[PDB]
Amino acid sequence: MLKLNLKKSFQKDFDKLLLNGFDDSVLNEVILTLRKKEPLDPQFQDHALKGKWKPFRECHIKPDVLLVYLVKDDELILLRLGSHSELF
């Protein structure tokens, strides 16, 4: 499968967000699909965001999750993680 990466944002938005009042019980579901091998589906409204987040890609793996990442040459990179109530 494609390559995966992590940024300073995702690093603090993954484990540092869990203890920051984030439901770690829901992560086990999203982190289970990305940390296993199952790639994101096109039905997750995955595409370029609007505004200042133009040079990025969003994808709500769950109805309460919004993981941001970038598409590189035969390589993927994780940007950050948020929620419908967080990112908003």
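Each value in this text was obtained by applying a stated rule to the coordinates, not by laboratory testing.
Mean separation of Cα pairs under 8 Å and 6+ residues apart, divided by the residue count of the chain: what relative contact order is that in percent?
Rounded, it is 35 percent for the chain.
In this model, which of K8/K37; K3/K72; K16/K37 are farther than 18 Å apart at the alpha-carbon?
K8/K37; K16/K37
Helix-only mean residue ellipticity at 222 nm, the chain, DSSP H runs n ≥ 4 weighted -39,500 (n - 2.57), per residue, nearest 500. What is it?
Per the formula, -7500 deg cm²/dmol.
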